[PDB]
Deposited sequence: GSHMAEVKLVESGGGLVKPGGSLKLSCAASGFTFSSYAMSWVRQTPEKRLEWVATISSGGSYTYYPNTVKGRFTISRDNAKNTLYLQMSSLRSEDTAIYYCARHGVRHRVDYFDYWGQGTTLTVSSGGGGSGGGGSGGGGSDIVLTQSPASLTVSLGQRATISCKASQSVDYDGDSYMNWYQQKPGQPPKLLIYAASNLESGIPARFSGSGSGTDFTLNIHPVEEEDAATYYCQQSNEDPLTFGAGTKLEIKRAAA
């Protein structure tokens, strides 16, 4: 029932500008913080901007600071990303993502389908292995080593996402250990401080995907490079 529909993607000459829009529905838009998150041609997820529920607070990574402006219209249920001085590195699929409120830890629960842009002491997460092949019925184990603790007041701000090609990421695990509603129990997450594990067992056919870890402990939000999981 909750949906996020992006629009506005396309081709832009370097130096040019572009404005993305996300039409929200099926929820009380004004109650949720929103972000833009992009995925580069190299399949890296990169956080691009966050805006608070009321709009008073906006956050950006240094890579887009001064060039991107996130904004919202709580009357129209619309989220915006105004981009200017666009460069090659900005080439990516851009998703909007809602910050969930059902749990204490910060996480992205709903994502839009994405629109594509073609231009023509940060916490580092070391995820491994980069590539993983498993046989049906076996176990897959994906590891995250964080460059500093992602704990805050007794909780670990570590999330795991699954992404199948052509689709947005999908939350599997939030706060290191907790299974999101609707996710089967053969997925499990573990760890604390700087060491985290995503486990899948027994692996089924439809688990073929790329998996990402993400910390929400500190801005900039950061993701692991990804683990592409192949079957048989």
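Chemist: Please give the gaps, as residue ranges numbered from 1 in the deposited sequence, where no C-alpha is present.
Modeler: Since the structure holds only modelled residues, the stretches it omits are 1-5, 126-140, 253-256.
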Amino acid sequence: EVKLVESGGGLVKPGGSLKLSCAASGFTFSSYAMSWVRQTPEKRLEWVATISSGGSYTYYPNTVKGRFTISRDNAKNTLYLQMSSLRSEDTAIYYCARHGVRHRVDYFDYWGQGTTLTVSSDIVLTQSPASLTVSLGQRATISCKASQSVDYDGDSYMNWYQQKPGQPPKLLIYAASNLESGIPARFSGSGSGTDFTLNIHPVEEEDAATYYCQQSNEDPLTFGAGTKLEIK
From here on, numbers count along this sequence of modelled residues.
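Chemist: Mind pulling up the entry and telling me whether 32-40 or 165-173 has the higher mean Cα temperature factor?
Modeler: That would be 165-173.
Chemist: For the C-alpha atoms alone, is the average B factor greater in 48-56 or in 22-30, going by the entry?
Modeler: Comparing 22-30 with 48-56, the higher mean C-alpha B-factor belongs to 22-30.
Chemist: Which has the highest CA B-factor per the PDB entry: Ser181, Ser192, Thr69, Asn199?
Modeler: Of the candidates given, the C-alpha B-factor peaks at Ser181.
Chemist: Kindly indicate the residue among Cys144, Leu117, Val101, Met158 with the greatest C-alpha B-factor in the PDB record.
Modeler: Spelled out: the listed residue with the top C-alpha B-factor is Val101.
Chemist: Sorting by Cα B-factor within the chain, modelled residues only, which third would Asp90 end up in: lowest, middle or highest?
Modeler: For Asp90, the deposited C-alpha B-factor lands in the middle third.
Chemist: Can you tell me which third, lowest, middle or highest, the CA B-factor of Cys96 falls into for its chain?
Modeler: According to the entry, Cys96 has a C-alpha B-factor in the chain's lowest third.
Chemist: State the tercile, meaning the lowest, middle or highest third, of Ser149 with respect to the CA B-factors recorded for its chain.
Modeler: Bottom third by C-alpha B-factor.
Chemist: How does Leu81 rank on Cα B-factor within its chain, lowest, middle or highest third?
Modeler: Tercile = lowest for this residue's CA B-factor.
Chemist: Which third, lowest, middle or highest, does the C-alpha temperature factor of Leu136 belong to within its own chain?
Modeler: As the PDB entry reports it, the C-alpha B-factor of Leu136 lands in the highest third of its chain.
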